[PDB]
Amino acid sequence: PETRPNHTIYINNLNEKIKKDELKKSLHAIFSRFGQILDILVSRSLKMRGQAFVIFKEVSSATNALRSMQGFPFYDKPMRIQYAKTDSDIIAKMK
RNA sequence: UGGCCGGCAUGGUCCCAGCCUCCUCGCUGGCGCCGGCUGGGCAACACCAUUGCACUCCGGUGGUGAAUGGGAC
Ligand SMILES: [Sr+2]
Ligand SMILES: [Sr+2]
């Protein structure tokens, strides 16, 4: 079952050999044009590696980012993008 | 040598260059042969496993089973 629109996009299929700090930097480099980004969360743990959460301030940004960068070759791999199942805390602490 | 021991070999002190390494990366570390014991840590690196929905840092295993020469006294 797909997912409903969200402030946060969930990206996976990312190159696992990239360190956390660099991955966050590179992700911002390509995703900041879609709108203000509140934060990017990345973890290299067994369960969370290869994935990232880009948290946009406005849902239109996420939606854009989602449609525009679906399948984008990043670090030699096609980026897969979806909306996050639930709202990230940063967003809850507001709306 | 990450810590520890044994056997054998080996004149010494330096100077220059090169080379080596998971555990004080370098000029007041190290760079003969052989065998056995043991500690730490995944931080870097590699390999294996993982396609995974978080907002709690947190998979496993491996490496030293390493590295040459010149010169001055
Ligand atoms: Sr050493
Ligand atoms: Sr590890």
Side-chain angles (χ1 to χ4, degrees), chain A residues 1 3-16 18-94:
Chain A
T3 330
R4 302 290 95 207
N6 192 302
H7 270 83
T8 291
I9 57 171
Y10 166 89
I11 304 169
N12 73 340
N13 191 212
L14 294 170
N15 194 312
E16 293 172 33
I18 284 18
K19 295 190 186 58
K20 199 194 175 207
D21 179 71
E22 180 188 332
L23 183 65
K24 281 164 67 98
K25 302 273 182 59
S26 295
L27 282 170
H28 190 78
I30 61 184
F31 277 107
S32 63
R33 58 131 151 164
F34 292 108
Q36 183 173 71
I37 291 175
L38 295 178
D39 199 3
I40 300 200
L41 274 37
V42 162
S43 166
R44 294 242 268 166
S45 68
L46 169 60
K47 183 189 180 194
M48 294 300 93
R49 64 189 53 175
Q51 306 146 65
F53 294 76
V54 180
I55 313 173
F56 292 97
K57 184 172 188 170
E58 308 188 11
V59 185
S60 43
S61 298
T63 295
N64 260 60
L66 202 156
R67 295 168 187 169
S68 298
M69 312 292 293
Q70 184 68 75
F72 187 76
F74 192 59
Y75 284 112
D76 304 301
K77 299 185 62 173
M79 191 176 273
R80 164 153 54 271
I81 315 170
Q82 291 174 265
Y83 285 117
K85 294 183 166 76
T86 79
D87 275 25
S88 303
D89 295 340
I90 21 296
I91 289 306
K93 295 183 186 300
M94 304 190 93

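In the text below, chain A, chain B and the rest are named by the order of the sequence lines, each starting its count at 1. Just the heavy atoms: all of them, side chains too, but no hydrogens, waters or symmetry mates, feed the values below.
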Original post:
Using the P atom in both, what is the distance from B:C31 to B:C15, to the nearest Å?
Top reply: 15 Å
Original post:
Using the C1'-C2'-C3'-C4' sign, is B:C42 on the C3'-endo (north) or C2'-endo (south) side?
Top reply: south
**OP:** For adjacent nucleotides B:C42 and B:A43, indicate whether their bases are stacked under the rule of ring centres within 5.5 Å (strictly under) and plane angle under 30°.
**Re:** no
Subject >> Check: A:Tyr75/A:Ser26 side-chain N/O donor and acceptor closer than 3.5 Å >> reply: yes
**OP:** Establish whether the base of B:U51 is bridged to the side chain of A:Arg49 by a donor-acceptor pair shorter than 3.5 Å.
**Re:** no
Subject >> Side-chain (A:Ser61) to main-chain (A:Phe34) donor-acceptor, under 3.5 angstrom >> reply: yes
**OP:** Would you check if B:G18 and B:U61 are a Watson-Crick or G-U wobble pair, both distances kept under 3.5 Å?
**Re:** no
Original post:
Using the P atom in both, what is the distance from B:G62 to B:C22, to the nearest Å?
Top reply: 14 Å
**OP:** Scan every strand shown for a Watson-Crick or G-U wobble partner of B:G2, both distances under 3.5 Å, and answer none if you come up empty.
**Re:** B:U38
Subject >> G-U wobble or Watson-Crick pair formed by B:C8 and B:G32 (both under 3.5 Å) >> reply: yes
Original post:
Does B:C14 pair up with B:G59, Watson-Crick or G-U wobble, with both distances inside 3.5 Å?
Top reply: no
**OP:** Could you give the distance separating B:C25 and B:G30 at their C1' atoms, to the nearest angstrom?
**Re:** 11 Å
Original post:
What pairs meet the salt bridge (charged side-chain N to carboxylate O under 4.0 Å, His left out) rule with one or both residues in residues 31-43 of chain A, with sequence neighbours excluded?
Top reply: A:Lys24-A:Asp39
Original post:
Centres of the six-membered rings under 5.5 angstrom apart and planes under 30 degrees: does that hold for B:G60 and B:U61?
Top reply: yes
**OP:** Have a look at the sugar of B:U38 and report north or south, taking a positive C1'-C2'-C3'-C4' as north and a negative one as south.
**Re:** north
**OP:** Record whether the side chain of A:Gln51 comes under 3.5 Å of the base of B:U51 through a donor-acceptor pair of N or O atoms.
**Re:** no
Original post:
How would the sugar of B:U56 be described, north or south, if a positive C1'-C2'-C3'-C4' means north and a negative one means south?
Top reply: south
**OP:** Check each of A:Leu38, A:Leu66, A:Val42, A:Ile37 against A:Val54 using the side chain to side chain contact (heavy atoms under 4.5 Å, CB included) test, and report the only one that passes.
**Re:** A:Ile37
Original post:
Donor-acceptor pair, A:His7 side chain versus A:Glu58 backbone, under 3.5 Å?
Top reply: no
Original post:
Given a cut-off of 3.5 Å on both distances, is B:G62 paired to B:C45 by Watson-Crick or G-U wobble rules?
Top reply: yes
**OP:** Would you confirm whether B:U68 and B:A17 are paired, taking Watson-Crick (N1-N3 with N6-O4 or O6-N4) or G-U wobble (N1-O2 and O6-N3) geometry and requiring each distance to be under 3.5 angstrom?
**Re:** yes
Original post:
Mind checking if B:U13 and B:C14 stack, meaning centres of the six-membered rings less than 5.5 Å apart and planes less than 30° off?
Top reply: yes
Subject >> Matching residue for A:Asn6 among A:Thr3, A:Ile9, A:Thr8 - test: side chain to side chain contact (heavy atoms under 4.5 Å, CB included) >> reply: A:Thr8
Check the interface with nucleotides 54-58 of chain B: list each N/O to N/O pair with the protein under 3.5 Å, or write none.
residue	atom	partner	partner atom	Å
B:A54	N6	A:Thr86	O	2.9
B:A54	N6	A:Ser88	OG	3.1
B:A54	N1	A:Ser88	OG	2.6
B:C55	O2	A:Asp89	N	2.9
B:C55	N3	A:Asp89	N	3.2
B:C55	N4	A:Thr86	OG1	3.0
B:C55	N4	A:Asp87	O	3.0

**OP:** Evaluate the base stacking between B:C20 and its strand neighbour B:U21 against centres under 5.5 Å and planes under 30°, returning yes or no.
**Re:** yes
Original post:
Is B:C58 north-puckered or south-puckered, judged from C1'-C2'-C3'-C4'?
Top reply: north
Original post:
Which way does the sugar of B:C48 pucker, north or south, judged by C1'-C2'-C3'-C4'?
Top reply: north
Original post:
Which value, rounded to the nearest 0.5 Å, describes the distance between A:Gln70 atom CD and A:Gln82 atom CD?
Top reply: 8.0 Å
**OP:** For B:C4 and B:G52, measure between their P atoms and round to the nearest Å.
**Re:** 49 Å
Subject >> Euclidean distance, A:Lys77 NZ relative to A:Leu14 CG, rounded to 0.5 Å >> reply: 7.5 Å
Original post:
In whole Å, what separates the P atom of B:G70 from that of B:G63?
Top reply: 34 Å
Original post:
If you measure from the P atom in B:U13 to the same atom in B:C34, how many Å do you get, rounded?
Top reply: 24 Å
Subject >> Consecutive-base stack B:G26 to B:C27 per 5.5 Å / 30° rule >> reply: no
Subject >> Nearest-angstrom distance, P atom, B:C55 to B:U64 >> reply: 39 Å
**OP:** Measure the spacing between CE of A:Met48 and CG of A:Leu41 and express it to the nearest 0.5 Å.
**Re:** 11.5 Å
Subject >> Separation between the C1' atoms of B:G3 and B:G32, rounded to whole Å >> reply: 23 Å
